[PDB]
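> these chains are from a complex, not moved at all, and more is on the way:
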Amino acid sequence: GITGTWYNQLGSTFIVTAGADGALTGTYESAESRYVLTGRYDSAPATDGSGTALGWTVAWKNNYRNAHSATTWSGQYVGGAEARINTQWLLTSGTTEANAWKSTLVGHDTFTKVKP
């Protein structure tokens, strides 16, 4: 249920293949705009109504731009008629030590299979 195209609340698109070995691979488009993503998921989740745990990372460098930063999303996939990937994220920028206190933003993204 994870493999495919997902859309967040703010116009980003998250394209992923969930491999048999637990790998997540794909591309993330935040709007020149496409970036590699890589992560992991629980390939043997419970079958009791619980979600499937997962996470992935995008480093914001491609052949066109480099923000010197990376985001990790941590969350769970929930299947069914209104399937979702519900996540919280951390976005760390490369900084000097003096600016490291303000290096990390936090937020949350909800992904759906149908454009918002």
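The structure has been received and is ready for your questions. Residues are numbered from 1 along each chain as shown, chains lettered A, B, ... in the order given.
> So what does residue A:98 look like in phi/psi?
According to degrees, to the nearest 10, the main-chain angles of residue A:98 amount to phi -70, psi -30.
> and it, what is it in contact with?
Contacts for residue A:98 (C-beta atoms under 8 Å, 6 or more residues apart in numbering) come out as none. Every residue, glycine included, has its C-beta placed from N, CA and C.
> Residue most distant from the centroid, chain A?
Distance from the centre of chain A peaks at residue A:98, with 28.9 Å (C-alpha atoms, centre = their mean).
> For residue A:99, grab phi and psi.
Taking degrees, to the nearest 10, you get phi -100, psi 10 for the backbone angles of residue A:99.
> I'd assumed residue A:53 was in contact with residue A:43.
No: Residue A:43 is beyond contact range of residue A:53, at 10.5 Å (criterion: C-beta atoms under 8 Å).
> Identify the contacts common to the two.
With contacts taken as C-beta under 8 Å, 6+ apart, not a single residue reaches both residue A:43 and residue A:53.
> three-state assignment of residue A:43?
Following DSSP: H, G, I helix; E, B strand; the rest coil, we place residue A:43 in the coil state.
> repeat for the one 3 residues further on
Reducing the assignment to helix, strand or coil with three-state DSSP, the entry for residue A:46 is coil.
> Tell me who's in contact with it.
Contacts of residue A:46 by C-beta under 8 Å, 6+ apart: none found.
> what about it, distance to residue A:52?
Residue A:46 is 9 Å from residue A:52, where distance means C-beta to C-beta, to the nearest Å.
> and residue A:56, how many residues sit next to it?
When neighbours are counted by other C-beta atoms under 10 Å, residue A:56 registers 23.
> Could you measure from it over to residue A:36?
Relative to residue A:36, residue A:56 is positioned 10 Å away (C-beta to C-beta).
> one more, chain B:
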Amino acid sequence: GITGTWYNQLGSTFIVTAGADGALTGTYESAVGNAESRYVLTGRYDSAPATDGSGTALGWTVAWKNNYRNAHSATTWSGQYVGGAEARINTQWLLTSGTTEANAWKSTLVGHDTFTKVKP
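Below is chain B, added to the chains above:
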């Protein structure tokens, strides 16, 4: 650089390779939690960082399933590598467990780990 064997402040072991393409690959052995032996990790890093003294941004994920245990959970670490005399990777992390919807509000733990190339 990033490639090497690292240890967090609690004794976990982070064996990572930073590839030419921005890929992080390797294994993680946890000193806490419902964990036993090595787990696969994968992630990404900035392969062309700034040249102004700033650190190198990175992140990686471990899903806590291997051939011996499955905790139905996954941790992501987000941080930066800082070079120098004692190289360091400073991170914050999120650990999400699979839950029912009614329990989703308590699904995610947060903390911070610092990694060096020497054991604590």
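> Please re-evaluate the contacts of residue A:46 in the presence of chain B.
Going by C-beta atoms under 8 Å, 6 or more residues apart in numbering or on different chains, residue A:46 touches B:72, B:98.
> 6 Å - rerun?
Counting by C-beta atoms under 6 Å, 6 or more residues apart in numbering or on different chains, residue A:46 touches residue B:72.
> before we move on, the earlier item: separation between the residue farthest from the centre of chain A and chain B?
From residue A:98 across to chain B, the span is 10 Å (C-beta to the nearest C-beta, to the nearest Å).
> next one: residue A:74
According to C-beta to the nearest C-beta, residue A:74 and chain B sit 4 Å apart.
> tell me which parts of chain A are close to chain B?
Contact residues, chain A versus chain B (C-beta under 6 Å from any C-beta of the partner chain): A:22, A:38-42, A:44-46, A:49-55, A:57, A:59, A:61, A:66, A:68-70, A:72, A:74-76, A:88, A:90, A:92, A:94-96, A:104.
> nearest residue to residue A:57 other than its sequence neighbours?
residue B:59 (3.8 Å; C-beta to C-beta, 6 or more residues apart in numbering or on different chains).
> partners of the one you found in the sheet?
Bridge pairing for residue B:59 (DSSP bridges) gives the partners residue B:44, residue B:78.
> Residue A:88 contacts residue A:108, correct?
Yes: Residue A:88 lies in contact with residue A:108 (C-beta atoms under 6 Å); the separation is 4.9 Å.
> which one of those two has more residues nearby?
residue A:88 (19 against 13; other C-beta atoms under 10 Å in any protein chain shown).
> so who does that one touch?
A:74, A:108, B:94, B:108.
> residues near the first one, how many?
What it means is residue A:74. Residue A:74 has 29 neighbouring residues, counting by other C-beta under 10 Å.
> wait, doesn't it sit right on residue A:54?
No: contact criterion C-beta under 6 Å: residue A:74 and residue A:54 do not qualify, at 8.0 Å.
> Could you tell me the phi and psi values at residue A:108?
Torsion angles at residue A:108 (phi, psi; degrees, to the nearest 10) stand at phi -140, psi 140.
> can you add chain C next? sequence is:
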Amino acid sequence: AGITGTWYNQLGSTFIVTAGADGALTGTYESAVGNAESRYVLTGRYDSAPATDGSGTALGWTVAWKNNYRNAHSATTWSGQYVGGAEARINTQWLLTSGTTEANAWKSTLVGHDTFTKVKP
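Same chains as before, plus chain C:
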């Protein structure tokens, strides 16, 4: 209109708050989840002179989960901003830390996000 009033989050918790002229937040919180029963004291702070460029109003508050009925040995802080408009909203992220031993401190803190409206969802 403003921060003062009765608010509800997406899970049905009830947040009754007064925003004082000095920047103070006071009131009570009743949680729809967790080891909680009835109302708990909250205190916090807000920006009493927000920017005039369309930005929201920054704020935060704390509940320690002890009252006359129960004590969960934990505390939540919500950090967020009030957004005025047709449907007023307070958007927050929160940290819930439990008292633990040192060996369990790594798993002491939960994180999440709550959105509050003056209309109960």
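> since we added chain C, can you redo the neighbour count of residue A:56?
As a burial measure, residue A:56 scores 31 neighbours (other C-beta under 10 Å).
> try residue A:32
Residues lying near residue A:32 (other C-beta under 10 Å) number 9.
> For it, give its distance to chain C.
29 Å.
> That residue and residue A:64 touch, don't they?
Yes: using C-beta under 6 Å, residue A:32 makes contact with residue A:64 at a distance of 4.1 Å.
> Tell me which residue of chain A lies closest to chain C.
residue A:108 (4.8 Å; C-beta to the nearest C-beta).
> looking at it, that residue is touching residue C:113, isn't it?
Yes: using C-beta under 6 Å, residue A:108 is in contact with residue C:113, at 4.8 Å.
> Span of stretch A:56-71 from start to end?
One end of stretch A:56-71 sits 8 Å from the other (C-alpha to C-alpha, to the nearest Å).
> Run the chain-centre distance for it.
Its chain's C-alpha centre and that of stretch A:56-71 lie 13 Å apart, by C-alpha atoms, centre = their mean, to the nearest Å.
> Show me what counts as buried in that stretch.
Of the residues in stretch A:56-71, A:56-62, A:66-71 count as buried by neighbour count, 16 or more other C-beta atoms under 10 Å in any protein chain shown.
> And stretch A:108-116, by the same measure?
For stretch A:108-116, by 16+ other C-beta under 10 Å, it's A:108-109, A:111.
> Now do the end-to-end distance for that stretch.
Stretch A:108-116: ends 16 Å apart by C-alpha to C-alpha.
> Residues contacting it, please?
Stretch A:108-116 is contacted from outside by A:6-9, A:14, A:83, A:85-88, C:113, using C-beta under 6 Å, 6+ apart.
> what do you get if the cut-off is 10 Å, keeping everything else the same?
Residues outside stretch A:108-116 that contact it (C-beta atoms under 10 Å, 6 or more residues apart in numbering or on different chains): A:1, A:4-14, A:16, A:71, A:73, A:75, A:77, A:82-89, B:108, C:93, C:111-113.
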